[PDB]
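The sequence lines fix the lettering, A, B, ..., with proteins before strands; numbering per chain opens at 1. In listed order, ligands and their atoms are each counted from 1.
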Amino acid sequence: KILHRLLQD
Amino acid sequence: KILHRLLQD
Amino acid sequence: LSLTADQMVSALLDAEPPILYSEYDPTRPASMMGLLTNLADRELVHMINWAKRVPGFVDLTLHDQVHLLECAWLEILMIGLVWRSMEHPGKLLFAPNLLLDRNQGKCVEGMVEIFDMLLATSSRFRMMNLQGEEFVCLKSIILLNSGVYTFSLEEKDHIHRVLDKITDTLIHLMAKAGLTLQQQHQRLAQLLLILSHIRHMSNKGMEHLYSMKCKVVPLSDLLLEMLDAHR
Amino acid sequence: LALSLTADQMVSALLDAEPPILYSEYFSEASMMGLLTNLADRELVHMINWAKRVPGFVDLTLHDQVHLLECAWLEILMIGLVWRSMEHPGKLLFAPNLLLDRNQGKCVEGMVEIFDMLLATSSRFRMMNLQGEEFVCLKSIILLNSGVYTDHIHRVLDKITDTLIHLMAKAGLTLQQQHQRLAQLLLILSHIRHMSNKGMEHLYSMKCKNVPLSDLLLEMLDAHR
Ligand SMILES: CS[C@H]1CCCC(=C(c2ccc(O)cc2)c2ccc(O)cc2)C1
Ligand SMILES: CS[C@H]1CCCC(=C(c2ccc(O)cc2)c2ccc(O)cc2)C1
């Protein structure tokens with residue numbers, strides 16, 4: 001999930 | 001419509 | 001709405017529809033959706049006459065009453081279901097003779113997701129220790145709120161006037177229960193945040209019923225008109 | 001940390017966490033949804049960081065953070081839209097360079113219904129004289145509440161309620177006027193939920209009947225399918 005990566009910026 | 005009739009009843 | 005909160009509560013309590021039974025037979029295990037449909041179809045007839053006894057509802061025009069029911073009928077059914085099943089953990093009580101499990105929900109495809117949220121809602125009422133006086137208020141709020149913004153020039157301030165009266169009624173209930181001013185707003189908020197879940201469950205559910213209409217679950221003549229109003 | 005914050009400290013943090021008002025590219029079926037998809041895709045990226053700047057949201061598990069965002073992402077975009085379009089009656093301000101009315105909604109099938117619901121919500125905020133401090137509280141509530149049922153969150157939800165009341169404790173509102181206005185604001189959230197679901201089903205209608213969606217938007221969409 002892209003949201004995974006974006007939620008740990 | 002039935003809803004109109006049952007509300008009118 | 002020239003009536004105190006105590007008179008408000010009692011009126012809503014007296015207007016309460018009965019708990020109907022289903023045609024379910026334990027000896028016999030699509031089939032389940034047939035039972036629920038016939039159950040809901042008979043529940044509707046009681047809801048329509050219940051709505052008439054809700055303070056302020058009959059003051060409205062016929063066309064407005066029709067819309068408010070068309071848009072909220074499943075919400076009112078679902079919150080009724082959640083309330084009945086409140087003291088039955090992990091189970092939904094559609095009827096005294098129809099107590100269902102998180103295993104018979106798979107007997108209908110795509111229903112297992114709806115059951116989850118319904119069970120979660122029931123578990124929320126349980127943890128909050130919801131009172132009947134609060135439930136009958138929430139039910140009447142849904143009836144009067146689920147429409148309005150889906151609508152001579154009306155003047156819908158009457159609905160909001162009744163809605164504000166139902167709010168004061170809830171506050172009056174909690175205050176007599178010993179809740180502090182802070183605890184009252186919190187519970188008020190928590191209760192009304194539930195309605196923003198019943199809406200969700202209704203929408204999801206509603207779309208599941210529109211799917212079955214296009215086939216093997218022949219809906220009643222009333223349910224079809226309540227369903228077409230959402231398309 | 002959220003619970004140990006003050007009401008004013010809650011508002012100040014939320015006000016500072018606000019995402020920016022993005023612009024769109026500078027109509028028809030494809031033309032309309034094309035610009036909206038692009039706009040929304042860029043807004044999501046700002047929303048994600050906005051959510052991480054929301055008190056109590058960081059304390060949640062990564063999975064729970066994901067689930068909450070997947071649930072309320074359209075609600076949050078919509079309440080944003082509704083709030084921006086507040087001082088533009090009868091029109092939707094998707095972007096400062098993109099103001100749309102109901103007549104333009106007829107470019108896409110079944111969008112006129114969702115447009116009127118949005119215009120009605122925006123109208124109700126204006127008639128209620130909704131404040132910016134209240135708006136940031138409501139969207140925070142939508143984030144935490146919409147997918148908590150499907151404990152710590154409730155402790156934070158109760159804090160935003162206290163914050164909302166504190167806002168109404170200011171501006172000289174009666175206790176009666178406080179829990180009535182509180183009730184009115186929270187009942188609107190029910191309608192924002194409805195518009196989202198009806199919006200979501202229209203997006204999935206567009207996904208199958210092939211404007212191309214972004215990978216990010218496509219993944220937020222599959223969480224509802
Ligand atoms: C398809 S989703 C399903 C989930 C559980 C609740 C159920 C309802 C339902 C809900 C509450 C209730 O007391 C009686 C009936 C339902 C409504 C109409 C219908 O034709 C069939 C069922 C909807
Ligand atoms: C499908 S109906 C339409 C109704 C108005 C709101 C709209 C949204 C929308 C809402 C708010 C916003 O700022 C940006 C975009 C949307 C979302 C994703 C997408 O690919 C296209 C549009 C959904």
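A donor atom on one side chain and an acceptor atom on the other are found under 3.5 Å apart for C:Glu75 and C:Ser146. A donor-acceptor pair shorter than 3.5 Å can be found between the side chains of D:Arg42 and D:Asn38.
Near C:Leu118, the atoms of ligand 1 lying under 4.0 angstrom from a non-hydrogen atom of the residue are 5 (C). Each of the following atoms of ligand 2 lies closer than 4.0 Å to a heavy atom of D:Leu36: 21 (C), 22 (C). Residue C:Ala40 approaches ligand 1 through these ligand atoms, each under 4.0 Å from one of its heavy atoms: 15 (C), 17 (C), 18 (C). Contact atoms of ligand 2 toward D:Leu213: 20 (O) (distance under 4.0 Å to a heavy atom of the residue). Atoms of ligand 1 lying under 4.0 Å from at least one heavy atom of C:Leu77, given by number and element, are 11 (C), 13 (O). Near D:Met33, meaning under 4.0 Å from one of its heavy atoms, ligand 2 places the atoms 1 (C), 21 (C).
The residue D:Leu92 has no part lying near ligand 2, judged by heavy-atom distances below 4.0 Å. Contacts between C:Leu223 and ligand 1 below 4.0 angstrom, taking non-hydrogen atoms only, involve the side chain exclusively. Of all the heavy atoms of C:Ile114, the ones lying under 4.0 Å from any atom of ligand 1 belong exclusively to the side chain. Of the heavy atoms in C:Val108, none comes closer than 4.0 Å to ligand 1.
The single protein non-hydrogen atom nearest to atom 23 (C) of ligand 2 is D:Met78 CE, 4.4 Å, given as residue, atom name and distance. Residue, atom and distance of the protein heavy atom nearest to atom 19 (C) of ligand 2 are D:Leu203 CD2, 3.7 Å. Here the protein heavy atom with the shortest distance to atom 20 (O) of ligand 2 is D:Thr37 OG1, 2.9 Å. Protein heavy atom nearest atom 1 (C) of ligand 2, with residue, atom name and distance: D:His202 ND1, 3.4 Å.
Polar contact check, D:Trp73 against ligand 2: no nitrogen or oxygen pair lies under 3.5 Å apart.
Residue D:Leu62 places its CG atom among more than 12 non-hydrogen atoms of other residues, nucleotides or ligands, all under 6.0 Å distant.
Aromatic ring centres of D:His224 and D:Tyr204: separated by at least 6.0 Å. Ring-centre distance between C:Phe125 and D:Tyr149: not below the 6.0 Å cut-off.
In this structure, the side chain of C:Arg124 does not engage the main chain of C:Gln190 through any donor-acceptor pair within 3.5 Å. Formation of a donor-acceptor pair under 3.5 Å by the C:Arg84 side chain with backbone atoms of C:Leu93 is found in this model. Listed for the C:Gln65 side chain is no donor-acceptor partner under 3.5 Å among the backbone atoms of B:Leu7. Panel note: side chain D:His191, backbone D:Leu187; a donor-acceptor pair is recorded below 3.5 Å. Distance alone, capped at 3.5 Å, is enough to place a donor-acceptor pair between the C:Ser140 side chain and the C:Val136 backbone.
For the residues D:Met200, D:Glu43, D:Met111, the heavy atom positioned nearest atom 3 (C) of ligand 2 is part of D:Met111.
Within a 4.0 Å radius of atom 7 (C) of ligand 2, the protein has no heavy atom.
Note on ligand 2: D:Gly199 sits in its first shell, one or more heavy atoms being nearer than 4.0 Å. Within the structure, the closest approach of C:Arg84 to ligand 1 falls below 4.0 Å when heavy atoms are considered.
No side-chain heavy atom of D:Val112 sits under 4.5 Å from any side-chain heavy atom of D:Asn103.
Contact check on C:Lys139 versus C:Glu134 returns no salt bridge, with no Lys/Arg side-chain nitrogen under 4.0 Å from an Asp/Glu carboxylate oxygen.
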